[PDB]
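K.L.:
So I've got this file, target38.pdb, and it contains PDB, C-alpha atoms:
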```pdb
ATOM      1  CA  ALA A   1     145.082 126.791  94.857  1.00  0.00           C
ATOM      2  CA  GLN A   2     141.840 126.641  96.823  1.00  0.00           C
ATOM      3  CA  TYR A   3     141.884 122.859  97.001  1.00  0.00           C
ATOM      4  CA  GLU A   4     145.343 121.649  97.975  1.00  0.00           C
ATOM      5  CA  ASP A   5     146.652 118.190  98.380  1.00  0.00           C
ATOM      6  CA  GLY A   6     147.393 117.708 102.064  1.00  0.00           C
ATOM      7  CA  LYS A   7     144.595 120.184 102.865  1.00  0.00           C
ATOM      8  CA  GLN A   8     141.069 118.934 102.147  1.00  0.00           C
ATOM      9  CA  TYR A   9     142.296 115.689 100.697  1.00  0.00           C
ATOM     10  CA  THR A  10     145.425 113.576 100.530  1.00  0.00           C
ATOM     11  CA  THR A  11     146.682 111.613  97.575  1.00  0.00           C
ATOM     12  CA  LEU A  12     147.428 107.904  97.674  1.00  0.00           C
ATOM     13  CA  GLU A  13     151.051 107.256  96.803  1.00  0.00           C
ATOM     14  CA  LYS A  14     149.884 103.830  95.674  1.00  0.00           C
ATOM     15  CA  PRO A  15     146.692 104.409  93.613  1.00  0.00           C
ATOM     16  CA  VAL A  16     143.956 101.803  93.457  1.00  0.00           C
ATOM     17  CA  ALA A  17     142.827 100.436  90.088  1.00  0.00           C
ATOM     18  CA  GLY A  18     139.200  99.449  89.519  1.00  0.00           C
ATOM     19  CA  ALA A  19     137.983 101.074  92.737  1.00  0.00           C
ATOM     20  CA  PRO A  20     134.396 102.281  93.175  1.00  0.00           C
ATOM     21  CA  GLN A  21     134.126 105.932  92.233  1.00  0.00           C
ATOM     22  CA  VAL A  22     133.068 107.138  95.668  1.00  0.00           C
ATOM     23  CA  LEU A  23     133.884 104.767  98.522  1.00  0.00           C
ATOM     24  CA  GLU A  24     133.105 105.357 102.138  1.00  0.00           C
ATOM     25  CA  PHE A  25     134.210 103.358 105.185  1.00  0.00           C
ATOM     26  CA  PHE A  26     132.594 103.317 108.607  1.00  0.00           C
ATOM     27  CA  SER A  27     132.094 101.311 111.788  1.00  0.00           C
ATOM     28  CA  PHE A  28     129.054 101.272 114.010  1.00  0.00           C
ATOM     29  CA  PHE A  29     131.538 101.501 116.866  1.00  0.00           C
ATOM     30  CA  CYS A  30     132.989 104.661 115.395  1.00  0.00           C
ATOM     31  CA  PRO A  31     131.715 107.786 117.200  1.00  0.00           C
ATOM     32  CA  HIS A  32     132.583 110.200 114.413  1.00  0.00           C
ATOM     33  CA  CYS A  33     130.719 107.834 112.066  1.00  0.00           C
ATOM     34  CA  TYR A  34     127.714 108.144 114.275  1.00  0.00           C
ATOM     35  CA  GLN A  35     128.116 111.896 114.031  1.00  0.00           C
ATOM     36  CA  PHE A  36     128.689 111.641 110.217  1.00  0.00           C
ATOM     37  CA  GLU A  37     125.531 109.633 109.748  1.00  0.00           C
ATOM     38  CA  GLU A  38     123.103 110.874 112.402  1.00  0.00           C
ATOM     39  CA  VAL A  39     123.940 114.543 112.781  1.00  0.00           C
ATOM     40  CA  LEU A  40     125.569 115.522 109.480  1.00  0.00           C
ATOM     41  CA  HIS A  41     124.191 113.078 106.869  1.00  0.00           C
ATOM     42  CA  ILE A  42     127.435 113.318 104.959  1.00  0.00           C
ATOM     43  CA  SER A  43     126.725 110.467 102.589  1.00  0.00           C
ATOM     44  CA  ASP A  44     123.440 111.995 101.758  1.00  0.00           C
ATOM     45  CA  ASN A  45     124.734 115.424 101.051  1.00  0.00           C
ATOM     46  CA  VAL A  46     127.566 114.098  98.988  1.00  0.00           C
ATOM     47  CA  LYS A  47     125.063 112.242  96.805  1.00  0.00           C
ATOM     48  CA  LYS A  48     123.039 115.474  96.444  1.00  0.00           C
ATOM     49  CA  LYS A  49     126.066 117.201  94.853  1.00  0.00           C
ATOM     50  CA  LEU A  50     127.788 114.431  92.926  1.00  0.00           C
ATOM     51  CA  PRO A  51     127.351 114.489  89.141  1.00  0.00           C
ATOM     52  CA  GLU A  52     125.495 111.399  88.257  1.00  0.00           C
ATOM     53  CA  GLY A  53     126.288 108.273  86.493  1.00  0.00           C
ATOM     54  CA  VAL A  54     128.130 108.355  89.800  1.00  0.00           C
ATOM     55  CA  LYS A  55     127.737 105.355  92.044  1.00  0.00           C
ATOM     56  CA  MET A  56     128.221 105.630  95.816  1.00  0.00           C
ATOM     57  CA  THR A  57     129.587 102.733  97.849  1.00  0.00           C
ATOM     58  CA  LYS A  58     129.614 102.402 101.629  1.00  0.00           C
ATOM     59  CA  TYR A  59     131.456  99.586 103.498  1.00  0.00           C
ATOM     60  CA  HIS A  60     131.825  98.538 107.133  1.00  0.00           C
ATOM     61  CA  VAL A  61     135.137  97.576 108.782  1.00  0.00           C
ATOM     62  CA  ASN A  62     136.415  94.933 111.200  1.00  0.00           C
ATOM     63  CA  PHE A  63     139.134  96.639 113.201  1.00  0.00           C
ATOM     64  CA  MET A  64     136.706  98.091 115.759  1.00  0.00           C
ATOM     65  CA  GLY A  65     134.765  96.243 118.455  1.00  0.00           C
ATOM     66  CA  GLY A  66     136.478  92.871 118.037  1.00  0.00           C
ATOM     67  CA  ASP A  67     134.121  89.914 117.575  1.00  0.00           C
ATOM     68  CA  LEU A  68     131.044  92.067 117.341  1.00  0.00           C
ATOM     69  CA  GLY A  69     132.824  94.235 114.768  1.00  0.00           C
ATOM     70  CA  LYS A  70     133.043  91.344 112.322  1.00  0.00           C
ATOM     71  CA  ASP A  71     129.419  90.372 113.078  1.00  0.00           C
ATOM     72  CA  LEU A  72     128.551  93.910 112.170  1.00  0.00           C
ATOM     73  CA  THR A  73     130.490  93.651 108.913  1.00  0.00           C
ATOM     74  CA  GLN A  74     128.604  90.463 108.032  1.00  0.00           C
ATOM     75  CA  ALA A  75     125.327  92.173 109.013  1.00  0.00           C
ATOM     76  CA  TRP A  76     126.066  95.201 106.872  1.00  0.00           C
ATOM     77  CA  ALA A  77     126.735  92.758 104.055  1.00  0.00           C
ATOM     78  CA  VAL A  78     123.224  91.378 104.667  1.00  0.00           C
ATOM     79  CA  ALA A  79     121.887  94.921 104.573  1.00  0.00           C
ATOM     80  CA  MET A  80     123.432  95.426 101.139  1.00  0.00           C
ATOM     81  CA  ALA A  81     122.108  92.160  99.745  1.00  0.00           C
ATOM     82  CA  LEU A  82     118.559  92.809 100.883  1.00  0.00           C
ATOM     83  CA  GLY A  83     118.751  96.544 100.071  1.00  0.00           C
ATOM     84  CA  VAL A  84     117.794  97.606 103.558  1.00  0.00           C
ATOM     85  CA  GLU A  85     120.704  99.838 104.521  1.00  0.00           C
ATOM     86  CA  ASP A  86     118.259 102.669 104.827  1.00  0.00           C
ATOM     87  CA  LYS A  87     116.267 100.796 107.428  1.00  0.00           C
ATOM     88  CA  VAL A  88     118.974  99.469 109.758  1.00  0.00           C
ATOM     89  CA  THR A  89     121.712 102.091 109.650  1.00  0.00           C
ATOM     90  CA  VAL A  90     120.186 104.258 112.338  1.00  0.00           C
ATOM     91  CA  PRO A  91     118.998 101.511 114.706  1.00  0.00           C
ATOM     92  CA  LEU A  92     122.380  99.802 114.466  1.00  0.00           C
ATOM     93  CA  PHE A  93     124.234 102.983 115.423  1.00  0.00           C
ATOM     94  CA  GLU A  94     121.909 103.681 118.284  1.00  0.00           C
ATOM     95  CA  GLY A  95     121.988 100.083 119.454  1.00  0.00           C
ATOM     96  CA  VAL A  96     125.779 100.076 119.563  1.00  0.00           C
ATOM     97  CA  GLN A  97     126.546 103.606 120.753  1.00  0.00           C
ATOM     98  CA  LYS A  98     123.434 105.156 122.415  1.00  0.00           C
ATOM     99  CA  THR A  99     121.314 102.559 124.192  1.00  0.00           C
ATOM    100  CA  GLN A 100     123.986  99.828 124.168  1.00  0.00           C
ATOM    101  CA  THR A 101     121.573  97.008 123.644  1.00  0.00           C
ATOM    102  CA  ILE A 102     123.639  95.359 120.943  1.00  0.00           C
ATOM    103  CA  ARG A 103     126.010  92.886 122.543  1.00  0.00           C
ATOM    104  CA  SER A 104     125.707  89.770 120.443  1.00  0.00           C
ATOM    105  CA  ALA A 105     125.002  88.748 116.871  1.00  0.00           C
ATOM    106  CA  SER A 106     121.522  87.919 118.083  1.00  0.00           C
ATOM    107  CA  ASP A 107     120.934  91.474 119.162  1.00  0.00           C
ATOM    108  CA  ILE A 108     122.031  92.625 115.718  1.00  0.00           C
ATOM    109  CA  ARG A 109     119.391  90.310 114.332  1.00  0.00           C
ATOM    110  CA  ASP A 110     116.727  91.881 116.552  1.00  0.00           C
ATOM    111  CA  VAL A 111     117.271  95.240 114.814  1.00  0.00           C
ATOM    112  CA  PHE A 112     116.576  93.718 111.413  1.00  0.00           C
ATOM    113  CA  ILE A 113     113.522  91.863 112.716  1.00  0.00           C
ATOM    114  CA  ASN A 114     112.088  95.004 114.250  1.00  0.00           C
ATOM    115  CA  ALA A 115     112.917  96.850 111.061  1.00  0.00           C
ATOM    116  CA  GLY A 116     110.658  94.402 109.327  1.00  0.00           C
ATOM    117  CA  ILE A 117     113.030  91.924 107.730  1.00  0.00           C
ATOM    118  CA  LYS A 118     111.742  88.365 108.068  1.00  0.00           C
ATOM    119  CA  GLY A 119     113.595  85.931 110.302  1.00  0.00           C
ATOM    120  CA  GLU A 120     113.725  83.265 107.636  1.00  0.00           C
ATOM    121  CA  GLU A 121     114.929  85.876 105.197  1.00  0.00           C
ATOM    122  CA  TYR A 122     117.606  87.323 107.414  1.00  0.00           C
ATOM    123  CA  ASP A 123     119.115  83.999 108.551  1.00  0.00           C
ATOM    124  CA  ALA A 124     119.024  82.894 104.914  1.00  0.00           C
ATOM    125  CA  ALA A 125     121.116  85.867 103.788  1.00  0.00           C
ATOM    126  CA  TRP A 126     123.300  85.707 106.941  1.00  0.00           C
ATOM    127  CA  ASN A 127     124.485  82.331 105.830  1.00  0.00           C
ATOM    128  CA  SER A 128     124.329  82.870 102.098  1.00  0.00           C
ATOM    129  CA  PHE A 129     127.502  82.720  99.994  1.00  0.00           C
ATOM    130  CA  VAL A 130     126.462  85.964  98.254  1.00  0.00           C
ATOM    131  CA  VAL A 131     126.870  87.572 101.644  1.00  0.00           C
ATOM    132  CA  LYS A 132     130.192  85.838 102.081  1.00  0.00           C
ATOM    133  CA  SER A 133     131.561  87.483  98.923  1.00  0.00           C
ATOM    134  CA  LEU A 134     130.126  90.758 100.095  1.00  0.00           C
ATOM    135  CA  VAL A 135     132.122  90.427 103.310  1.00  0.00           C
ATOM    136  CA  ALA A 136     135.097  89.687 101.106  1.00  0.00           C
ATOM    137  CA  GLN A 137     134.606  92.857  99.083  1.00  0.00           C
ATOM    138  CA  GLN A 138     134.379  95.026 102.187  1.00  0.00           C
ATOM    139  CA  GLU A 139     137.545  93.505 103.522  1.00  0.00           C
ATOM    140  CA  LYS A 140     139.296  93.662 100.130  1.00  0.00           C
ATOM    141  CA  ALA A 141     138.415  97.295  99.470  1.00  0.00           C
ATOM    142  CA  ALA A 142     139.619  98.304 102.907  1.00  0.00           C
ATOM    143  CA  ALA A 143     142.736  96.239 102.389  1.00  0.00           C
ATOM    144  CA  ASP A 144     143.399  97.838  99.003  1.00  0.00           C
ATOM    145  CA  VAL A 145     143.773 101.235 100.754  1.00  0.00           C
ATOM    146  CA  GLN A 146     145.782 100.568 103.994  1.00  0.00           C
ATOM    147  CA  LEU A 147     142.700 101.599 105.922  1.00  0.00           C
ATOM    148  CA  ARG A 148     143.466 102.094 109.628  1.00  0.00           C
ATOM    149  CA  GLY A 149     140.935 104.745 110.505  1.00  0.00           C
ATOM    150  CA  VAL A 150     137.265 105.579 110.037  1.00  0.00           C
ATOM    151  CA  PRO A 151     135.320 107.508 108.843  1.00  0.00           C
ATOM    152  CA  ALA A 152     137.132 107.514 105.591  1.00  0.00           C
ATOM    153  CA  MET A 153     136.125 108.420 102.066  1.00  0.00           C
ATOM    154  CA  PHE A 154     137.996 107.685  98.891  1.00  0.00           C
ATOM    155  CA  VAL A 155     137.426 109.134  95.412  1.00  0.00           C
ATOM    156  CA  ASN A 156     138.414 106.820  92.435  1.00  0.00           C
ATOM    157  CA  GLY A 157     141.140 105.219  94.448  1.00  0.00           C
ATOM    158  CA  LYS A 158     143.404 108.207  94.068  1.00  0.00           C
ATOM    159  CA  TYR A 159     142.152 110.748  96.629  1.00  0.00           C
ATOM    160  CA  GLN A 160     141.278 110.493 100.290  1.00  0.00           C
ATOM    161  CA  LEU A 161     139.076 113.052 102.005  1.00  0.00           C
ATOM    162  CA  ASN A 162     140.886 114.834 104.816  1.00  0.00           C
ATOM    163  CA  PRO A 163     138.180 116.283 107.030  1.00  0.00           C
ATOM    164  CA  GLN A 164     140.614 117.529 109.687  1.00  0.00           C
ATOM    165  CA  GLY A 165     141.778 120.287 107.327  1.00  0.00           C
ATOM    166  CA  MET A 166     138.251 121.715 107.032  1.00  0.00           C
ATOM    167  CA  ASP A 167     136.256 124.261 109.082  1.00  0.00           C
ATOM    168  CA  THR A 168     134.119 122.803 111.873  1.00  0.00           C
ATOM    169  CA  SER A 169     132.669 125.866 113.623  1.00  0.00           C
ATOM    170  CA  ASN A 170     129.456 125.427 111.674  1.00  0.00           C
ATOM    171  CA  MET A 171     128.063 121.945 110.965  1.00  0.00           C
ATOM    172  CA  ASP A 172     126.300 122.820 107.733  1.00  0.00           C
ATOM    173  CA  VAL A 173     129.406 124.556 106.486  1.00  0.00           C
ATOM    174  CA  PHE A 174     131.600 121.566 107.258  1.00  0.00           C
ATOM    175  CA  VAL A 175     129.227 119.309 105.295  1.00  0.00           C
ATOM    176  CA  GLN A 176     129.017 121.630 102.258  1.00  0.00           C
ATOM    177  CA  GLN A 177     132.776 121.970 102.243  1.00  0.00           C
ATOM    178  CA  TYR A 178     133.177 118.234 102.573  1.00  0.00           C
ATOM    179  CA  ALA A 179     130.668 117.608  99.849  1.00  0.00           C
ATOM    180  CA  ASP A 180     132.083 120.102  97.393  1.00  0.00           C
ATOM    181  CA  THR A 181     135.529 118.659  97.898  1.00  0.00           C
ATOM    182  CA  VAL A 182     134.150 115.265  96.938  1.00  0.00           C
ATOM    183  CA  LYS A 183     132.662 116.882  93.826  1.00  0.00           C
ATOM    184  CA  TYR A 184     135.939 118.497  92.905  1.00  0.00           C
ATOM    185  CA  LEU A 185     137.895 115.279  93.362  1.00  0.00           C
ATOM    186  CA  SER A 186     135.228 113.509  91.346  1.00  0.00           C
ATOM    187  CA  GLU A 187     135.887 115.877  88.429  1.00  0.00           C
ATOM    188  CA  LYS A 188     139.654 115.539  88.584  1.00  0.00           C
TER     189      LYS A 188
END
```
Show the structure stored in the file as structure tokens.

P.N.:
Amino acid sequence: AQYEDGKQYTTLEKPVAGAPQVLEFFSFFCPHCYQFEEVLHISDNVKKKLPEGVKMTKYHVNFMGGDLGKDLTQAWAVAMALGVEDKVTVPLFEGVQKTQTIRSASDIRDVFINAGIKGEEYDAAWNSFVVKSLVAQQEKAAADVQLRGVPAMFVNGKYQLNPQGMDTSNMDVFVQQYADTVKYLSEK
């Protein structure tokens, strides 16, 4: 064809029932994720081309950066609860990978505070049970797909984006190609 299994995507030999339609996994420790977010804006360009009535889900993972990694997964859960993903994603990435000023849960908190979230409000969420189930989801969803690497995108629990089998000479072209593949899989 033009879109072949094993080429721009792979198929899960054990499909996942009830999965979010589009599901993306990242880590703030993950350099390609930094690239995916900061330079390419993958998640944004995928949105731009998805049909809609399509919901997009992004989760963080634990298996990178040990103790801090989990803290980051809890923090991302807080981001989701307060609806502030848009305001912390960049400063988290740059705190972890660029400036390297994030070394403790407290430093993570500083990003939120500087992003305008209120101390009381952050700590509240941080410890809230709603956040606890949101950590659970992120771990469950990753668990439901054998996830061992990031970035990673899944479409309806049956197809996994395979960016390695796509052209990278031109950034914009890689993104378009990525995005369109997501559309195609969406329509499958």

K.L.:
Which value, in Å to one decimal, gives the distance between CA of residue 81 (chain A) and CA of residue 178 (chain A)?

P.N.:
28.5 Å

K.L.:
Written as a list in words, which residues does the PyMOL selection byres ((chain A and resi 28-35) around 7) give for the file shown?

P.N.:
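With the shown file as input, the PyMOL selection byres ((chain A and resi 28-35) around 7) matches residues 26, 27, 36, 37, 38, 39, 40, 64, 65, 92, 93, 96, 97, 150 and 151 of chain A.
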
K.L.:
If we count all atoms listed in the file and set the cut-off at 9 Å, which residues sit around residue 23 (chain A), ignoring sequence neighbours fewer than 6 positions away in its own chain? Please answer as a list in words.

P.N.:
residues 55, 56, 57, 58, 59, 141, 152, 153, 154, 155, 156 and 157 of chain A

K.L.:
Which is closest to residue 74 (chain A) among A:175, A:46, A:130, A:182, if we use all atoms listed in the file?

P.N.:
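Under the stated criterion, the closest residue is A:130.
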
K.L.:
With all atoms listed in the file as the atoms that count, which of A:12, A:54, A:124, A:113 lies nearest to residue 146 (chain A)?

P.N.:
A:12

K.L.:
Check what the PyMOL selection byres ((chain A and resi 134-136) around 12) selects in the file above and give those residues as JSON, numbers by chain.

P.N.:
{"A": [58, 59, 60, 61, 62, 70, 71, 72, 73, 74, 75, 76, 77, 78, 79, 80, 81, 82, 125, 126, 127, 128, 129, 130, 131, 132, 133, 137, 138, 139, 140, 141, 142, 143, 144]}

K.L.:
Selection from above, C-alpha atoms, as a JSON list (two decimals), in the frame of the given file, can you write it?

P.N.:
```
[["chain", "number", "residue", "atom", "x", "y", "z"],
["A", 58, "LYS", "CA", 129.61, 102.40, 101.63],
["A", 59, "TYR", "CA", 131.46, 99.59, 103.50],
["A", 60, "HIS", "CA", 131.82, 98.54, 107.13],
["A", 61, "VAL", "CA", 135.14, 97.58, 108.78],
["A", 62, "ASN", "CA", 136.42, 94.93, 111.20],
["A", 70, "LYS", "CA", 133.04, 91.34, 112.32],
["A", 71, "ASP", "CA", 129.42, 90.37, 113.08],
["A", 72, "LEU", "CA", 128.55, 93.91, 112.17],
["A", 73, "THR", "CA", 130.49, 93.65, 108.91],
["A", 74, "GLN", "CA", 128.60, 90.46, 108.03],
["A", 75, "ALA", "CA", 125.33, 92.17, 109.01],
["A", 76, "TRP", "CA", 126.07, 95.20, 106.87],
["A", 77, "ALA", "CA", 126.74, 92.76, 104.06],
["A", 78, "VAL", "CA", 123.22, 91.38, 104.67],
["A", 79, "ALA", "CA", 121.89, 94.92, 104.57],
["A", 80, "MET", "CA", 123.43, 95.43, 101.14],
["A", 81, "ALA", "CA", 122.11, 92.16, 99.74],
["A", 82, "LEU", "CA", 118.56, 92.81, 100.88],
["A", 125, "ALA", "CA", 121.12, 85.87, 103.79],
["A", 126, "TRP", "CA", 123.30, 85.71, 106.94],
["A", 127, "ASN", "CA", 124.48, 82.33, 105.83],
["A", 128, "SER", "CA", 124.33, 82.87, 102.10],
["A", 129, "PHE", "CA", 127.50, 82.72, 99.99],
["A", 130, "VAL", "CA", 126.46, 85.96, 98.25],
["A", 131, "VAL", "CA", 126.87, 87.57, 101.64],
["A", 132, "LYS", "CA", 130.19, 85.84, 102.08],
["A", 133, "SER", "CA", 131.56, 87.48, 98.92],
["A", 137, "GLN", "CA", 134.61, 92.86, 99.08],
["A", 138, "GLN", "CA", 134.38, 95.03, 102.19],
["A", 139, "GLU", "CA", 137.54, 93.50, 103.52],
["A", 140, "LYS", "CA", 139.30, 93.66, 100.13],
["A", 141, "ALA", "CA", 138.42, 97.30, 99.47],
["A", 142, "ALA", "CA", 139.62, 98.30, 102.91],
["A", 143, "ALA", "CA", 142.74, 96.24, 102.39],
["A", 144, "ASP", "CA", 143.40, 97.84, 99.00]]
```

K.L.:
So, with all atoms listed in the file as the atoms that count, which of A:117, A:50, A:42, A:90 lies closest to residue 173 (chain A)?

P.N.:
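Using all atoms listed in the file, the shortest distance to residue 173 (chain A) belongs to A:42.
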
K.L.:
Against region 183-186 of chain A, which residues of region 6-65 of chain A fall within 12 Å? For each one I want the closest pair of atoms and the distance in Å (one decimal), counting all atoms listed in the file, rows by chain and increasing residue number, as a Markdown table.

P.N.:
```
| residue | atom | partner | partner_atom | distance |
| --- | --- | --- | --- | --- |
| A:8 | CA | A:185 | CA | 10.0 |
| A:9 | CA | A:185 | CA | 8.6 |
| A:10 | CA | A:185 | CA | 10.5 |
| A:11 | CA | A:185 | CA | 10.4 |
| A:20 | CA | A:186 | CA | 11.4 |
| A:21 | CA | A:186 | CA | 7.7 |
| A:22 | CA | A:186 | CA | 8.0 |
| A:23 | CA | A:186 | CA | 11.4 |
| A:45 | CA | A:183 | CA | 10.8 |
| A:46 | CA | A:183 | CA | 7.8 |
| A:47 | CA | A:183 | CA | 9.4 |
| A:48 | CA | A:183 | CA | 10.1 |
| A:49 | CA | A:183 | CA | 6.7 |
| A:50 | CA | A:183 | CA | 5.5 |
| A:51 | CA | A:183 | CA | 7.5 |
| A:52 | CA | A:186 | CA | 10.4 |
| A:53 | CA | A:186 | CA | 11.4 |
| A:54 | CA | A:186 | CA | 8.9 |
| A:55 | CA | A:186 | CA | 11.1 |
| A:56 | CA | A:186 | CA | 11.5 |
```

K.L.:
Residues within 10 Å of residue 67 (chain A), please, as number ranges by chain. Count only C-alpha atoms; anything in the same chain fewer than 6 positions from it doesn't count.

P.N.:
A: 103-105

K.L.:
Expressed in Å to a single decimal, how great is the separation between CA of residue 174 (chain A) and CA of residue 187 (chain A)?

P.N.:
20.1 Å

K.L.:
Quote the spacing between CA of residue 83 (chain A) and CA of residue 111 (chain A) in Å to one decimal place.

P.N.:
14.9 Å
